[PDB]
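Sequential numbering from 6 applies to the first sequence in the authors' numbering. Scroll down for the structure; my scribbles are underneath it.
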Amino acid sequence: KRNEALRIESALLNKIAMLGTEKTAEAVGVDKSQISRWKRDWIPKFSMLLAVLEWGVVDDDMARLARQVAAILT
DNA sequence: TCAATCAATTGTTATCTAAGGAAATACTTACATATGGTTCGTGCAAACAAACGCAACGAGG
């Protein structure tokens, strides 16, 4: 669960970074500072919970690989 | 016939220099209320951070 927690934290932080701390705050309903500080404080803890809760999702690179394979075959 | 001087009792102070050895543990007021401090998540502005566009400069041709 340790490495799953690390993976989930990395995926979450990547999603926030891609969407944008400012944009993520605007969509969530908080201030950019709140997202910036959740990234430091709770995202690791929530990530460990997800690792235990077994909510891990497919890594996006392998997702792109699967999409490409499904396009090439079909 | 009082007091200056001996005499026994009481209290204070002293007993070498270094190196090793680690310390311990009984002896239980309780329930309620006011207040206030501390922790925590938030917002706002400030303070950094990335990545360009433009212009000036200074070397190359």
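Backbone N, C-alpha and C fix where the C-beta goes; we use that ideal spot for every residue, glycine too.
- For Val74, the uninterrupted alpha helix (DSSP H) run begins and ends at 65-78, by DSSP.
- A straight line joining the alpha-carbon of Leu24 with that of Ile40 spans about 12 Å.
- The C-alpha of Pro49 lies about 6 Å from the C-alpha of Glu14.
- With fewer than 16 other Cβ atoms inside 10 Å of its own Cβ, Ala71 counts as exposed.
- Just so you know, the alpha carbons of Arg42 and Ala68 end up roughly 29 Å apart.
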